[PDB]
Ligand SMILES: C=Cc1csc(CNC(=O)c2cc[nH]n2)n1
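In the block that follows, a single chain appears as structure tokens, in the form solved without this ligand.
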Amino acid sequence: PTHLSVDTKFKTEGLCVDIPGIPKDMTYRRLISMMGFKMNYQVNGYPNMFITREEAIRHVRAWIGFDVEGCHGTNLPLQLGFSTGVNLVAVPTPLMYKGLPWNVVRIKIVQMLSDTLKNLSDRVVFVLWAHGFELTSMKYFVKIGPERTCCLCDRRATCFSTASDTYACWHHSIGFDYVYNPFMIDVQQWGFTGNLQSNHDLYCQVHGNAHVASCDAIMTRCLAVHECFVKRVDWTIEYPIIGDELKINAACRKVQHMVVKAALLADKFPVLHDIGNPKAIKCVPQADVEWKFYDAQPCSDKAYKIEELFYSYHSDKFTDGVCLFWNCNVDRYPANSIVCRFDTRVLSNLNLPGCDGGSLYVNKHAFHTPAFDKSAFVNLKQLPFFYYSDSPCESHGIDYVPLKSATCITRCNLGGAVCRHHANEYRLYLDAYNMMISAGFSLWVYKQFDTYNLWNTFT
């Protein structure tokens, strides 16, 4: 069992209002055939158009919700909706486009999926809540064949052109008209009771139904994300590198060491309550502080209630010392805290839209994070940038232009002139900091934190 078998049963009950008379006994093999696609007995990397829930999870970056509503069935016009917010109307002859024929519609579909997916995936997985018209309309914009490579590169073929009889990946498809070898999954096969909106609305108040096809496409992908990443968490699935994953993570470790090392020198707390990830290490191992760890896994549903994390009888007195919440999302942080909270609103290739305002951050692993809430930080202030260093002023070993900056907290800057070594480190750390901030991370600290207190650690 590597893939989904074509001889697997397909529950057709969700299809008999668009397709009345549909046989109850149905397989994926018969379904694909009914849809207008001939598989020719090809053993060439595309065993089935439909995929498993496990394969859908491994390729979540490729998910695009898809819904088709009959505006009036090859006689009446159709409204095609995608989780990108696009609405295309096809005539057989939230971006609501007017009625145009299929030969122009398929060109817009290729453009759209390619621009959306080229920096996320090698494929498209159409997430469906199948009623009938979406499966029957695929023959109008989808070509299937053996697995292929791009005509201009080595990435797998995701598009095909009838004008030039060639195949292309998502990056080299300009002008292409057919969606080559797509993937799909039907959420109704996962055994839900009730209609799409009832099931979606049980866990999400952000996506509202309007009746347009794109609203259903959005609710479908959202519901599929909740099922596979909110109420089900598989932290063993690793995801490929598609951006600055290595630098974002490397930057977060440098910023964590820096921010925590300085908080301990500035306010000399006797104890540090490290709340979060059960696999954590002391980010500042040479600190005098008493480091006490408390296990808490990345919540995907709702943010942790600080009342359930602490209270119920551990230092018990968390108000003693400082609390470190590094990516441990709570409802309202205590005033004596240092916090790194990922901002779910951030626009990036690593951040995919999620469920109930949350987002699915995929970087080595998929972490669905609850919606960013500015009110969680009422007892804290934003952490200002600063570079602190106690290291000796010695160059060892890249050209130089004098560094002038107040936020470079070093012995040389105290003594009136930054050395080359610390100026290199300041700019390197400033880029690691800028990297993490733009990736969506936000830093918060107790109101009494003052960098002026770091200068007296040089005597």
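Numbering starts at 1 and runs along the sequence shown.
Not pictured, yet referred to below: the form solved in complex with this ligand.
For this chain, the superposed copy of this ligand, brought over from its placement in the deposited bound form, has 3 or more atoms within 2.4 Å of the backbone and C-beta atoms, so the pocket is blocked.
Checked against this ligand in the deposited bound form, the residues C151, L383, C228, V89 give one hit for a heavy atom within 4.5 Å, which is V89. Shown without its partner, this chain lists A224, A168, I185, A213 as candidates; in the deposited bound form, only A213 has a non-hydrogen atom within 4.5 angstroms of this ligand.
When contacts are judged by a 4.5 Å heavy atom cut-off, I174 does not count as touching this ligand in the deposited bound form.
By the criterion of a heavy atom within 4.5 Å, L128 is excluded from the residues contacting this ligand in the deposited bound form. Under a 4.5 angstroms non-hydrogen atom cutoff, this ligand in the deposited bound form lacks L202 among its neighbouring residues. At the 4.5 Å threshold, heavy atoms of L78 reach this ligand in the deposited bound form. In sequence order, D67, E69, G70, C71 are the residues of 47-71 having a heavy atom within 4.5 Å of this ligand in the deposited bound form; the partner itself is omitted from this view.
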